[PDB]
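Asks:
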Amino acid sequence: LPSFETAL
Amino acid sequence: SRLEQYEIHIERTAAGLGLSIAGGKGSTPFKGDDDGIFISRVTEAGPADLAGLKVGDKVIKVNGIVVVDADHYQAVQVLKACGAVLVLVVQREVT
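Heads up: the sequence lines are chains A and B, in that order.
Numbered by the working numbering, the letters in the first sequence go through residues 1 to 8 in order.
Numbered by the working numbering, the letters in the second sequence go through residues 101 to 195 in order.
See the structure below:
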């Protein structure tokens, strides 16, 4: 599975 | 440990929101088997920190838009696109 982390 | 639900009023600035999200439906869960949207980072003295956001908060709504079941891209787009001011509804474990 993807492991996503997005800074915003 | 109480599970509380809070509203967090984030004013977007030139530095964005000052937060990172992890998780999302169909992705590696941030916390246990809950693949919801969680706050993984909070920029010190950034908009989210000033508004009281904490790492580990679970994001429930953004300006009334539910994202409890959102996949990751969905939540990113809501957080990017849906206002100069974001009223987040979050869930948090409190002592």
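We treat Cβ as the ideally placed atom computed from N, Cα and C, and that holds for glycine.
(1) Out of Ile108(B), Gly146(B) and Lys154(B), which has the shortest C-alpha to C-alpha gap to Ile139(B)?
(2) Can you list, in chain order, the stretches of the beta strand (DSSP E) that have 3 or more residues and sit fully within the region 158-186 of chain B?
(3) Out of curiosity, what's the CA-to-CA distance linking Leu150(B) and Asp134(B)?
(4) For the candidate residues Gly164(B), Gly156(B) and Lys161(B), whose alpha-carbon lies nearest to that of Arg192(B)?
(5) Does the CB of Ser120(B) have a neighbour CB from chain A at under 8 Å?
(6) Compute every distance between the C-beta of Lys125(B) and the non-hydrogen atoms of the ligand SAM, then say whether any falls below 7 Å.
Replies: By the coordinates alone:
(1) Nearest C-alpha to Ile139(B): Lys154(B).
(2) Whole beta strand (DSSP E) segments, 3+ residues: 158-162.
(3) One C-alpha to the other measures close to 27 Å.
(4) Looking at the Cα atoms, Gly156(B) is the closest of the given residues.
(5) Yes, because at least one Cβ of chain A sits closer than 8 Å to the Cβ of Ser120(B).
(6) By its list of ligands, the structure shown contains no ligand whatsoever, and the ligand SAM lies outside what it can speak to.
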